[PDB]
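Asker: these are from a larger complex, still in place; more later:
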Amino acid sequence: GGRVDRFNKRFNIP
Amino acid sequence: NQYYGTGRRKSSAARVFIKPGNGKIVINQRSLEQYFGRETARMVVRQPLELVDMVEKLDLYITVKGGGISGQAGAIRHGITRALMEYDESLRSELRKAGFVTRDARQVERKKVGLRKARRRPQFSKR
C-alpha cells in the first residue's frame, strides 16, 4: 500500500 | 609608420596594421597558432605574403570581429591585399591576377516566404 500513506506525508494535511 | 587596410568576407571586418619586425602575426592579442586551427585557415591568411617578397620580413597586427573562421580569415587576407597595394602601388598586377584585390561579395542569401531556406522548397506532390 501507500496510496494514503503517500498522501499523508506528501501533503501538509491542513 | 602604420599601414592600414580593411577586409570583409561574409560578416567579419578586419583592421590590419603593418609594421616591420619579426612576423609574429597577432590576431586579437592571441597568437597565430592559437587563433586558427584548421590548416586551411592559416594557409589562406599568408597567401599574399608568399605571393610577394615580404613573406615574413614585416609584421602584421590584426584585429577582427564578427563572423566565423572563414569570414575572419578571408577578411584578414583581403585587408592585407589592399594594404600592400597602398604601401607600394605596384603589387596590383600579381594581386589582381590572383583575384585577391576583388572584394568577395557573396553573402548569406536571405530566407524566402514559402521556402525552408534560400532555394530549398518543401517536398512537392504531383497528385
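Answerer: Alright, I've got the coordinates. Residues are numbered from 1 along each chain as shown, chains lettered A, B, ... in the order given.
Asker: From here on, just use CA atoms for contacts and neighbour counts.
Answerer: Fine.
Asker: How much space separates residue B:20 from residue B:59?
Answerer: From residue B:20 over to residue B:59 the distance is 5 Å, taken as CA to CA, to the nearest Å.
Asker: Over to residue B:14?
Answerer: 16 Å.
Asker: quick one, which of these two is more surrounded?
Answerer: Remark: of residue B:14 and residue B:59, residue B:14 carries more neighbours, 27 against 18, as counted by other CA atoms under 10 Å in any protein chain shown.
Asker: What segments of chain A are strands?
Answerer: Assigned by DSSP state E, chain A shows no strands.
Asker: Show me the strands in chain B, by range?
Answerer: B:3-8, B:13-20, B:23-27, B:30-31, B:58-65.
Asker: So what's the gap between the fourth one and the chain middle?
Answerer: Meaning strand B:30-31. Distance, stretch centre to chain centre, for strand B:30-31: 17 Å (CA atoms, centre = their mean, to the nearest Å).
Asker: Give me the contact list for it.
Answerer: The contact list for strand B:30-31 (CA atoms under 8 Å, 6 or more residues apart in numbering or on different chains) reads B:24, B:25.
Asker: and that strand, which strands flank it?
Answerer: strand B:23-27 (antiparallel) (DSSP bridges).
Asker: Any idea how far the strand it pairs with is from the middle of the chain?
Answerer: For strand B:23-27, the distance to the chain centre is 15 Å (CA atoms, centre = their mean).
Asker: contact partners of that strand?
Answerer: So strand B:23-27 is in contact with B:31, B:32, B:35, B:56, B:57, B:58, B:59, B:60, B:61, B:62, B:63, B:64, going by CA under 8 Å, 6+ apart.
Asker: add chain C to the structure above:
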Amino acid sequence: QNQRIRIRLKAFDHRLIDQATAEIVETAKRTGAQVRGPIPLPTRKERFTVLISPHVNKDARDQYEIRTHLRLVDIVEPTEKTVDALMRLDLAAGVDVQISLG
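Answerer: Chain C goes in next, on the same frame as the chains above:
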C-alpha cells in the same frame, strides 16, 4: 556630467527625423550652444509575417517591417537659455523626442 542633457529623437521615417534633427541642432548652434553631433544608432527593423488569405493557401504571405529611427544629440554645456528654449520649442509632429538628462 556637468548637468549635461542628451536628447533622443525617435521617429518612423528616414526624412522627417533628419529634417527635425536640423532644427534641434541648428537652434543650439545659432544661440551659441555646443551640441554633440547627431550620432546615428542602429535603426531597429522589427519583421512581421501575416497570412494574407482568409482561409487556406499558406504560401501567399506578406512581409512587413518597422524602421525605428533614433537620432541622439548631446549638449555638454547646459546653458539655461538654450535648455529652456529647446523645451518650449515645438518640433514636427511626425518625430518624437525623449528628453532625459541621464
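Asker: what residues does chain C put near chain B?
Answerer: Residues of chain C lying near chain B by CA under 8 Å from any CA of the partner chain: C:58, C:59, C:60, C:61.
Asker: Looking at those, which is nearest residue C:3?
Answerer: residue C:61 (50.6 Å; CA to CA).
Asker: and that closest one, how many neighbours does it have?
Answerer: With other CA under 10 Å as criterion, residue C:61 counts 13.
Asker: from the chain's centre, how far out does the longest helix along chain B sit?
Answerer: Counting residues, the longest helix found in chain B (DSSP state H) is helix B:69-88. Relative to the centre of its chain, helix B:69-88 is centred 5 Å away, using CA atoms, centre = their mean.
Asker: Spatially, what comes nearest to whichever residue of chain C sits closest to chain B if we skip its sequence neighbours?
Answerer: Per CA to the nearest CA, residue C:59 is where chain C lies closest to chain B, at 5.1 Å. In space, and not counting its chain neighbours, residue C:59 is closest to residue B:114: 5.1 Å by CA to CA, 6 or more residues apart in numbering or on different chains.
Asker: Now for that neighbour: which residues touch it?
Answerer: B:121, B:122, C:58, C:59, C:60, C:61.
Asker: Now flag whichever of the residues you listed is closest to residue C:36.
Answerer: Each of those was checked against residue C:36 using CA to CA; the closest is residue C:61, at 43.6 Å.
Asker: pretty sure the closest one contacts residue C:49?
Answerer: Yes: between residue C:61 and residue C:49 there is a contact under CA atoms under 8 Å: 6.7 Å.
Asker: Chain D next, sequence below:
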Amino acid sequence: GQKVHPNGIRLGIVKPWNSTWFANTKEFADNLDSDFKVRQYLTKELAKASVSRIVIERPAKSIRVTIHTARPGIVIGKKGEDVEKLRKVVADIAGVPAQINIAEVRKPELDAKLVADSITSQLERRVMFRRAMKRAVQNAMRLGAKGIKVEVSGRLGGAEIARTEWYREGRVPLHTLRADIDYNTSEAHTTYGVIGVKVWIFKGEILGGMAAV
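Answerer: With chain D added, the chains above now look like this:
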C-alpha cells in the same frame, strides 16, 4: 489575386501616411482603435461634405485632425460650425484636446476619393452605370489628368451574373513608384449586391518632388 494597392507600395517614397504619430508597443494599440472609431464617425456625418482624406496626427498630448473636405453640391457654410460640435463630441471619445484644420480640395475631379464617392451616389440613385463612368472620365481629362482608369464590379444592371467593366484614357502606370496614382475604393450598397468602385488618377510623376512635398 493580383495587383497590389498602389498607395501602400509607395507609402514611404511618394505617398505619405494618414497618421504620423510615433509610439511604442504600449499606447500604440489603443490609439489605433480610437483613430478607427473617429474616422468612421466623421465619414457618416460628412458623407455629403466631399471629404477626401481625414488626416489624423497625434502630437505630444494632442490629436490634431485634418479633413480634406469641400462641397459636392452641398455647402461650406456652417459646416465648420458642425465640425466644431462634432469634435466636441469626438475629442472625448479618445480624450485629450483637438485642433481641426480644413485643407480645401482644389479641383475635386483630380481626387479619386471624391470621384468614386460621386459615382457611387449615382449608382444608389439608379443611374445608368455606363453613363456615370463616361462622365467621370471626361471630367478628369478636361480638368487635367495625365491618365484615368476607373473600374466597376458587382451585380451591375441588376442581373445575377457578375461583371467588371473598365474604361481607361491616357497613361495610368502602376509599376513606377515615381508616379502619383491615387486608388480609392468604394462599396456602393445598391439594392442588388454591393457594386464596388476603384479609380486610379495618375496625376503626374513626382520625379523632382520625390515624396509628397
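Asker: Which elements pack onto the longest helix of chain B?
Answerer: Applying 3 or more CA pairs under 8 Å, 6 or more residues apart in numbering or on different chains; DSSP states H and E, one finds that helix B:69-88 makes contact with strand B:3-8, strand B:13-20, helix B:39-45, helix B:47-51, strand B:58-65.
Asker: Contacts for that helix, please.
Answerer: Contact with helix B:69-88 is made by B:3-16, B:36, B:41-42, B:44-48, B:62, B:64-66, B:91-92, B:95, B:100-101, B:103, as judged by CA under 8 Å, 6+ apart.
Asker: which of the residues you listed count as buried?
Answerer: Among these, those classed as buried by 16 or more other CA atoms under 10 Å in any protein chain shown are B:4-16, B:36, B:41-42, B:45-48, B:62, B:64, B:91-92, B:95, B:100-101.
Asker: Helix, strand or coil: sort out residue D:186 for me.
Answerer: strand (DSSP: H, G, I helix; E, B strand; the rest coil).
Asker: Residues of chain C that sit close to chain D?
Answerer: C:10, C:11, C:12, C:13, C:93, C:94, C:95, C:96.
Asker: Quick one: residues contacting the closest residue to residue C:76 other than its chain neighbours.
Answerer: When the adjacent residues along the chain are set aside, residue C:76 lies closest to residue C:4, with 4.7 Å between them (CA to CA, 6+ apart). Contacts for residue C:4 (CA under 8 Å, 6+ apart) come out as C:74, C:75, C:76, C:77, C:78, C:101.
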